[PDB]
Amino acid sequence: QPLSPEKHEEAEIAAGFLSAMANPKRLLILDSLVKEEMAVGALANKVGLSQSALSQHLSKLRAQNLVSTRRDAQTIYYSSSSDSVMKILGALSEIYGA
Amino acid sequence: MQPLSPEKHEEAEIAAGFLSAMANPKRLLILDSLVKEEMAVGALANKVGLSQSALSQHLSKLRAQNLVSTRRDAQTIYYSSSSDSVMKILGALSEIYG
């Protein structure tokens, strides 16, 4: 007996989310954004990558609804209050140590 | 301030490698099924709705991250997963998505 189409569709959603997290740079970004607010520059900095790129990851992270934004003048501050991201980071924390 | 240490980058690389092994819908269905049930390659391919080519591919990627165990009885290889990591991530996903 094959798996229902529902579990097939759920596997697609879950894998979409995990795909958003299954990148080292994105992992570092989400770590940083979970523990503090950052303007895009400082963030590109802490994770040690360039901003064409940092925009790269922020876009894929926004696609999975994993980050929040706030705007002061024309400066955007990113953060993450995602329960999903926090649960996965918790899991990884337990797997690899905190 | 201080960009992230090289060690946190290497930890992110490992963690992301693991998540990458899991960040595929087919691999999620496979690991869900294999936790913690022995299945032969044929039955697994039928359960996950795959041909032996894709299943071979997926299983190879799962073995690369040490996520599955095998046992051989004569002419049959039986697959399972007793991975603590896989179980923690599946637990998280269960709680995230119901």
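Residues numbered from 1 in each chain as written, not as in the entry; some residues may be left out. Chains lettered and ligands numbered in written order. Heavy atoms only, no water.

What the deposited record gives as its method is X-ray crystallography, and the resolution it gives is 2.64 Å.

A.B. asks: Help me out: how do you make sense of the interface of chain B and chain A in this one?
C.D. replies: When the parts of a complex come together, some accessible area is lost, and that lost area is often used as the size of the interface. At the interface, 33 residues of chain B touch 32 residues of chain A. Roughly 2,800 Å² of surface becomes buried between chain B and chain A when both sides are summed, with 73% attributable to carbon and sulfur atoms. On the chain B side of the contact with chain A, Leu-4, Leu-19 and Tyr-97 of chain B bury the most area, a combined 19% of that side's loss. Note that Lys-87 of chain A and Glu-95 of chain B form a salt bridge whose closest N and O atoms lie 3.2 Å from each other. One can count 5 residue pairs in polar contact joining chain B with chain A. When contributions to the side of chain B that touches chain A are tallied by element, the ones reaching two or more residues are α1 (6-22), α2 (25-34), α3 (41-48) and α5 (84-97) of chain B. Top contributing element to the side of chain B that touches chain A by residue count: α1 of chain B, with 11 residues. Tallied by class, the residues present in the side of chain B that touches chain A amount to 19 nonpolar, 8 polar and 6 charged. (Contact = heavy atoms within 4.5 Å. Buried area = accessible area lost by both parts, 1.4 Å probe. Salt bridge = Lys/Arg side-chain N within 4 Å of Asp/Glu carboxyl O. Polar contact = N/O pair within 3.5 Å; in protein donor to acceptor, adjacent residues only side chain to side chain. Helix = DSSP H or I, 4+ residues; strand = E, 2+ residues; numbered from the N terminus. Nonpolar A, V, L, I, M, F, W, Y, C, P; charged D, E, K, R; others polar.)

A.B. asks: Can you walk me through the sheet that holds strand β2 (residues 69-73) of chain B in this structure?
C.D. replies: Pairing between the strands of a sheet is mediated by backbone hydrogen bonds and can be parallel or antiparallel. Residue and element names in this part refer to chain B. As summarised here, the arrangement of the 3 strands in space is β1-β3-β2, forming an open sheet in which the pairing is antiparallel. With partners counted over all chains shown, the strands left at the sheet margins are β1 (39-40) and β2, one partner each. When β2 meets strand β3 (residues 76-80), the two strands line up antiparallel, connected through 5 bridges. Directly across from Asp-73, in β3, lies its bridge partner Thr-76. (Pairing = 2+ DSSP bridges.)

A.B. asks: Would you take a moment to explain the sheet that holds strand β2 (residues 68-72) of chain A for this structure?
C.D. replies: Residue and element names in this part refer to chain A. Spatially, the 3 strands line up as an open sheet ordered β1-β3-β2, and their pairing is antiparallel. Looking at which strands have only one partner, the edges of the open sheet turn out to be β1 (38-39) and β2. Alignment of β2 against strand β3 (residues 75-79), held across 5 bridges, turns out to be antiparallel. Considered in β3, the bridge of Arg-71 is made with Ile-76.

A.B. asks: Help me out: how do you make sense of the pattern of salt bridges in this one?
C.D. replies: Taken as a whole, this structure holds 6 salt bridges over all chains when the rule is applied. In this structure, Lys-46 of chain A engages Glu-36 of chain A in a salt bridge whose closest nitrogen and oxygen atoms are separated by 2.9 Å. Separated by 10 residues along the polypeptide, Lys-46 of chain A in helix α3 (residues 40-46) and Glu-36 of chain A in the loop between α2 (24-35) and β1 bring together distant segments of the chain. Assessed through its relative accessible area of 33%, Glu-36 of chain A is described here as partly exposed. Where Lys-88 of chain B meets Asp-84 of chain B, a salt bridge forms, and the shortest distance between an N and an O atom there is 2.7 Å. Of this pair, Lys-88 of chain B and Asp-84 of chain B both sit in helix α5, 4 residues apart, which is roughly one turn of that helix. Note on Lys-88 of chain B: relative accessible area 24%, which makes it partly exposed. Residue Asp-84 of chain B is classed as partly exposed on the basis of its relative accessible area of 44%. (Buried < 20%, exposed > 50% of the residue type's maximum accessible area, 1.4 Å probe, protein only.)

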